[PDB]
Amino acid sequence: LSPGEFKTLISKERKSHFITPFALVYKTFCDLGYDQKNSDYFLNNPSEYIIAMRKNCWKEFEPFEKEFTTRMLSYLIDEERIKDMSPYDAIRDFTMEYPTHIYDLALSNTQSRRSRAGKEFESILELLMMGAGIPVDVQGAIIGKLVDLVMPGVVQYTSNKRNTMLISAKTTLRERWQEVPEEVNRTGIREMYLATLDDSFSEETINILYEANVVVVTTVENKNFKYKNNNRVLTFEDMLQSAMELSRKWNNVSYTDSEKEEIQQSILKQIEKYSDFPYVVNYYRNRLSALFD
């Protein structure tokens, strides 16, 4: 009933009532039929896939968040307080009595939305690479924690970063793009792709990132609308082509017995992470099977 206890309640209810960002992305991926599309589809249509995935995730989330918000706000309506108030004075009281509650709820909502938007964007990209058939290790499933996807895998990367691809994602950049050169420079990363839906980043940012060997990747629509001229801004289609070309380099490479068991271990860990997601397990198990192929 206090602003404090209401936070704990919002917390408890959120966790109960919302599936994980990745579970939502996976649900949506299968619902939109992407789980039956061949790898060429993802290779050829990554920008449209991303936007459709984004659109549907939000379409499903937003009526649900609205009702969760309405419901939260209802664990604090006080029928006994508001006995003989007029409807106007009733609403008046509400806007006066529970400012920290209302605000804390909306605060918890935005903080969830921010965390989830990033996590779902990463998950969307992750499934994109999987759908494309491209060997990746997912950061949060197995190099700074800022990298989301390591192609073909951390084991191979750790051995030698040649012919690899590292992809990070930020739905919008603000000044937070500055984090990426920091991480690139901290670990000696050769280059990083920085996937974004941001329509507003500047040329000065692009050039600083360029100097730091961070490549911005966005949708064709965003690129053609806002960065048409600009060969420093890539599309997801460019990226996916690059990833596809580099993945042919990992195709029938023979690992030493030692690296092979490390790759297996890494894949096994990720299958574990993605235990409840047949499409992803299947994706990893093909990679596992590829080592004995």
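Start at 1 with the first residue shown and count on from there.
The modelled chain breaks after residue 142 and resumes at residue 143, leaving 4 to 9 residues of the deposited sequence without coordinates. Between the stretches 221-229 and 56-64, it is 56-64 that shows the larger average CA temperature factor. 159-167 and 132-140 differ in mean CA B-factor, and the higher of the two is recorded for 132-140. Per the deposited coordinates, the residue with the largest Cα temperature factor out of 178, 213, 110, 74 is 74. For the set 250, 236, 42, 29, the maximum C-alpha B-factor listed in the entry falls on 250. Per the deposited record, the Cα B-factor of residue 48 falls in the lowest third when ranked against the other modelled residues of its chain.
In the deposited entry, the Cα temperature factor of residue 126 places it in the lowest third of its chain's modelled residues. Among the modelled residues of the chain, residue 81 sits in the highest third by CA temperature factor in this PDB entry.
Among the modelled residues of its chain, residue 191 has a C-alpha B-factor that falls in the lowest third according to the deposited record.
Placement of the Cα temperature factor of residue 35 within the chain: lowest third of the modelled residues, per the deposited record.
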